[PDB]
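Below you'll find only one chain, the form deposited in one PDB entry, shown as C-alpha cells.
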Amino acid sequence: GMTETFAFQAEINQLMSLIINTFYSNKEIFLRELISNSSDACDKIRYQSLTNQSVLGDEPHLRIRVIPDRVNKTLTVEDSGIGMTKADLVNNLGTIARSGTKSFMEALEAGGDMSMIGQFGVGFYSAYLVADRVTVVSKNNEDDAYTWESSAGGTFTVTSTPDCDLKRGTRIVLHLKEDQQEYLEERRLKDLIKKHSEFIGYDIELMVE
C-alpha cells in the first residue's frame, strides 16, 4: 500500500541521529516531556473553549492517559488536547522548532545535558531515547485524523486514518527498545509520574488494570 514518506529537515535529521543508540543516565525524562506536551495541548483547547465552546465538540473532557501494552511491548501517551493537522505533522512544527533544534544541537556538541531538551522546545524527540519506532495518531478540529511514524533513519511517514477512535487529540505510541522494557511496569510508571510529573494540572491517568 502506498505510504507518503518525507525526509526530515536538516537540523531535525541531525538531532534524531544524535539521540538514537546513545548511552544516557536519565532516559526516564522522556515521560515528563510527553506529559508536558499533552498538558500544553489540553491548555490550548481549554483556552480556545473560553471564547468558542463549540471547539470542544463531542469531546468536552481534557485528559492525559498513560497506557503500557505488556503484549505489544509499547507505551502509549494519549491526550484529548488540541491535536495536530497534516500540515503540522509534515512542516509547521519543524518550522517553529527549527531555531531551537539547531541551538540544542550546538549545546549537545558542547557537552550539554540531554535533560534540558524541553527548554529548547523539542522534548518530543526524547521518546527516541527509549523507543526504536514512534507512531503518532492525531486529530485536530481543522483536519482529518492522520498517522505520523518514524524509526529515526532520516524519514517519516504520514497516512490518513479515517477510522481511528480519537474525536480530538494525540496518541503517541512508543515501541520500546529491547533494554527499555522497564517503562511497561506499573511501579516504575507510578514512581516516574510521581517523580517528575506530580503537579501537572490534569490527572495523569495510568491504566493499571
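All residue numbers refer to positions in the sequence shown, first residue = 1. For clarity, a rigid core is taken as the largest C-alpha set superposing within 1.5 Å between two forms.
There is also a form deposited in another entry; it is not shown, and the following applies to it.
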Upon rigid core superposition, which of the listed residues (114, 134, 97, 129) is displaced by 2 angstroms or more at its Cα between this form and the one not shown?
97
Once you line up the core, how about residue 195: does its CA shift reach 2 Å between this form and the one not shown?
yes
CA-CA separation of residue 154 and residue 93, closer or farther in the other entry than in the form shown [shift of 3 angstroms or more]:
closer
Against the shown form, C-alpha atoms of residue 197 and residue 27 in the other entry: closer or farther, for a change of 3 Å or more?
farther
